Every structure is written in C-alpha cells, then in structure tokens.
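Colleague: sequence, then the experimental structure. Questions to follow.
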Amino acid sequence: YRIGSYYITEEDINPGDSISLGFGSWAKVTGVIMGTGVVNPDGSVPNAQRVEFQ
Amino acid sequence: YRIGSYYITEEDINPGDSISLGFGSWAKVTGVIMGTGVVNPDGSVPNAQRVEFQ
Amino acid sequence: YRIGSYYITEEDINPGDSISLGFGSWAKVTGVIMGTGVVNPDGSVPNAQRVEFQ
Amino acid sequence: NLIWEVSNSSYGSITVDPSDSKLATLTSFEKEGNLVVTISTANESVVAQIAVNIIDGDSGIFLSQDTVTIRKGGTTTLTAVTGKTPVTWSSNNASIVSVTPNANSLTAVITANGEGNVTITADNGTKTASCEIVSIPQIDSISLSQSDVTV
C-alpha cells in the first residue's frame, strides 16, 4: 500500500514509471484471532478467516 | 520412540535429521484386547487401534 | 528416562558404561496432558515442567 | 569446489537439489523440525554447515464455534483445532462463563455458571483465537398451578 498526495499512478512519467500500479481499498491488518486469551469480558468470540474479506 | 526431558526435537542437526518426528501425548500402551477374560467386572470391552488415542 | 529389565548400573562394565544411572519411578507421560480430567470429556488443568515435584 | 548433501534426506521429495557451480537449491515437504545442509568438499575433509528449519507451516488457530449461546448454569464444549498440543484456555468473567482445556488441550469444556455476555480465549501458543460465549438468562418460565385462588 502506497500513499501519496499526487493523483498520479506509479507508472506515470512524473512518478517512478515502473511496474503496474493498482488502487487499493480498505486497510491491511495482520492475521489475528479476537479474544485469543479471553481478555475481553462478556464479549462474543470473533472468527477470522485467512485471506477472507468481509 | 525416544524418551527425553529436554524440549529438543530429535530432527535437529545433531540427530539424523530425517523422518517425521512429532511430540507425543499420554503414555504408551501395547496393543491388546481389554477384558479378554472378563477379569474386571463391570468393565466394558474396549476396541483399541494402532496409534489410536481416545 | 530409560527402561531395562537388567539390574546393572548404566556406568557398569556390563551396561553401556556411560552416563549416570538413576532409578525412575512410574511411567513417562508426554508433555501436554496429565490424565484424569472431566467425567464427560472437558479436561482438567495439567502439570508441566521437568524435575518439578507437583 | 564443494558438494552439498543432507544426511537422511526425507524432509521433502527432493531433499537436496544438485548444485550448479557453488550454490544449490532446497526443497520442503510435510515434515517438521530442523534440518542439516552440509557443503562438503569433493575429497577434502572440509564441510560447512547451513541451518534450516520449516516449523509445520502456519498455525491456523480457529475455534469450532465463533459464537456461543449458553444459558445460566449450563455447560458446553469448544473443540479448537490447533497444531500445537498445548492449548491453554481462558475466559474473562469466570463467574459468568468458565473454560477448561481438554486432556489433549485441543478441546475446551465451557461452563456458563453466571449470566451475561463474555468471551472465551484459547490456543495460548503463538496466535490466540477468540470465541464469544453469551451467558443469556435461562428464562425457564415456571407456571403456578393456580393464579386466581381464594384461600
């Protein structure tokens, strides 16, 4: 994920102009299981699927 | 089967470093028919399989 | 843990003649479970560590 | 030059790929533990050592049920599927819902003693998953034999 204030793709002449640039939606979060240690009291156990977007 | 109090896998560089090795659970019981002679009263006859744990 | 039916010390000439031989009580249990937990399978709190007397 | 070999190559279908000039390629299979990659000379008694280790791929800790709905005073069970045998279980507000790891540590018996929403964790090794266990009220509606009685 690359963040820039200029509305120019990475393949543009002004940018580095290398590789294919694609827009990204949403944020990236490391894989983890909610409430693994039962730290949250009275909280529903959440299930996370790897490579799953929802 | 190898007996060792150290938490070192047998597949280390010091050992042969071959074959599949995994940690075991519970004790080892030799294959035999439980209650063949009905020696123990009120004991249901169990079915035991090789490498079977239950 | 080593199990043998011969009453010869590990350091004796008849035995392998290496390492210190010590008497072992009971059978070795794989680290992960301790045995009796729950009537219907729920599992109790097991014990771990080596040499620890509990 | 040197020749790369691995004692008891069983960790994969091709344990040690042949080296082209100096370096070579490695392979992996369904095995866990360390490995030995010795780069020994053709005839000389010189053998370098390269440590390798593929620890059973990922972990993939995932509870059997993501959410639970147990009544007050009831009991349940959660069979977690984890590669590592030791799987410690815990649950906040133990007075509401309690958790006890199984004999193999894979399963976990739940006991919703109290009432209220709470989460129960498990698989303390590496990555710890979560599973909500709502201690909803039993609401076992009892009914009197008579209501409009005349004593």
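Modeller: Nice, I can see it. Numbers count the residues shown, from 1 in each chain, chains lettered A, B, ... in the order given.

Colleague: in chain A, which residue sits nearest chain C?
Modeller: As assessed by CB to the nearest CB, chain C sits closest to residue A:38 within chain A, at 14.7 Å. For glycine as for every other residue, the C-beta is placed from the backbone atoms N, C-alpha and C.

Colleague: any idea how many residues pack against that residue?
Modeller: Using other CB atoms under 10 Å in any protein chain shown, residue A:38 has 27 neighbouring residues.

Colleague: wait, residue D:24 touches residue D:16, no?
Modeller: Yes - the pair residue D:24 and residue D:16 passes the contact test of CB atoms under 8 Å, sitting 6.5 Å apart.

Colleague: overlap in contacts of those two?
Modeller: residue D:4 (CB atoms under 8 Å, 6 or more residues apart in numbering or on different chains).

Colleague: now do the SS call for residue D:69.
Modeller: strand (DSSP: H, G, I helix; E, B strand; the rest coil).

Colleague: need the contact list for the nearest residue to it once chain neighbours are set aside.
Modeller: Leaving aside its chain neighbours, residue D:69 sits nearest to residue D:134 (5.4 Å; criterion: CB to CB, 6 or more residues apart in numbering or on different chains). Residues in contact with residue D:134 (CB under 8 Å, 6+ apart) are A:44, D:67, D:68, D:69, D:70, D:116, D:117, D:118.

Colleague: so how many other residues sit close to residue A:11?
Modeller: 12.

Colleague: residue D:82 too?
Modeller: 23.

Colleague: do the same with the one 5 residues further on
Modeller: Neighbour count for residue D:87, taken as other CB under 10 Å: 25.

Colleague: likewise residue D:37?
Modeller: Residue D:37 sits with 20 neighbouring residues when counted by other CB under 10 Å.

Colleague: for the closest residue to it other than its chain neighbours, list the residues it contacts.
Modeller: Distances taken as CB to CB, 6+ apart put residue D:50 closest to residue D:37, at 4.0 Å, once the chain neighbours are dropped. Contact analysis of residue D:50 by CB under 8 Å, 6+ apart lists D:37, D:38, D:39.

Colleague: next up, phi/psi of residue D:50, please.
Modeller: Reported as degrees, to the nearest 10, the phi and psi values for residue D:50 are phi -130, psi 120.

Colleague: for residue D:27, see how far away it is.
Modeller: 14 Å (CB to CB, to the nearest Å).

Colleague: so who does residue A:27 touch?
Modeller: By CB under 8 Å, 6+ apart, the contact set of residue A:27 is residue A:1.

Colleague: residue A:10 is in contact with residue A:21, isn't it?
Modeller: Yes - counting by CB under 8 Å, residue A:10 touches residue A:21, with 3.6 Å between them.
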